[PDB]
Every structure is written in C-alpha cells, then in structure tokens.
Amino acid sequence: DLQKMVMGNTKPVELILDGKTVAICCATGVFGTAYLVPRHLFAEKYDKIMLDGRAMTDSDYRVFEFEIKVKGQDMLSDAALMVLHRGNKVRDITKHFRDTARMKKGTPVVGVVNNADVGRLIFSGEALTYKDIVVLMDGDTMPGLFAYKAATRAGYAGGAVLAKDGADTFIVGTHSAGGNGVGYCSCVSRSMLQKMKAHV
C-alpha cells in the first residue's frame, strides 16, 4: 500500500545541459507539487531540469532547504524540497513521515527508485545506525543521515527509503549517497514537512 503509494510519487529527474543529459537522479513527491530531491543536485551545471518528462527552468519552481541541528550549530540536509509553481498534484504522503529515528538497528528497509537509468526498482537492505555527520568521498559532508546495508548505485539519490517502526511502515527520508555495502539517506522530519506544507 505505502510502497505502492510512494512508487507512484517517485518521478525520474534529468539535468539537461546543451541538449544533452548531464545528470540523472530521482524525485519523491510528498504533497501538492512539492518533491523531495537531492540538494547536491543543484550544485551541478544545468540549464533545464527534466521532471517526469517535463522540462523546467529555475523560474518554474522554488527550492527550500532543511537545516538540521548537529552539535549546536545548524547544517544543511541533503534533503531539499522542490516546489513547482504549476504542476499535476501528487498524493499527499507527509502523514507517513516521522519526527525521530523511530527505527532500530536491523529493521527492514526499502528504497524506492524511478529514474532514466534503471527505470522503476526497489532495493531492500537492513537498517544500520543513525549518523550525525557523514563525510563523503569528495571531501564534502552531509547532516542527519541514516545508515543501512543495501546495494545502492549512483542515480538512486532522491528515492524514498522506508522502514518498519513496529508494524508500521514509515518513510525515513531520501537517498543521497552510498558506498561499499552501505547506503545513506537524508532524514526528513515529519514536522519539517508539515510546516513546509502550511508554509506553501
């Protein structure tokens, strides 16, 4: 139900630069015309963002960023919200997120993917541990990540990761980086989504 629900909200994203596809990733719609996407996505050089086959330019949407408290100072989550101005509504699924690491080391985790690279797909692994600040292979760093044992690949960024709190299935947040047996998703707070929705 939920997994079938989130797959429905997952759209393929392509970055276009001079008629060529320069970047591929995913997008997870949470409500209205708002989607959760990798923030490091906009760090790339593009002139058009393809969302579900629809080409758009920067004046077509707004990107709000989430800031998370990590040891006093606040940092920028790799989970960015892309709110389109005009667009086909998606199924509001915010009520399926939560406000804390409501998981437990070793619980069923499922990543939902849908991009131009491997089409629609599901990857399943084990919940590992929560991470305050993870340092990437390119020397960069990301806040509020959740670690897990799962076979992930480039392009899976932006896909929703869901666990099993009790007999409940809840969306943890979006996939950002993966390396060597362990995938990492950028955790998104349920509260954070609600205010953002009231905000828009």
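Throughout, we count residues from 1 along the sequence that is shown.
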Notebook entry, point to check: Comparing 146-154 with 42-50, where is the mean C-alpha B-factor higher?
Noted result: 42-50
Check: So 104-112 or 79-87, which one's hotter by mean CA B-factor in the entry?
Finding: 104-112
Item checked: Largest Cα B-factor, entry values, listed residues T28, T57, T169, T33 -> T169
Next item on the list: Would you mind checking where the Cα B-factor of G179 ranks among the modelled residues of its chain, as the lowest, middle or highest third?
Entry: highest
Item checked: CA B-factor placement of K95, once the chain's modelled residues are sorted into thirds -> middle
Checklist line | Chain-relative CA temperature factor third for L162 | finding: middle
Notebook entry, point to check: Sorting the chain's CA B-factors, does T21 end up in the lowest, middle or highest third?
Noted result: highest
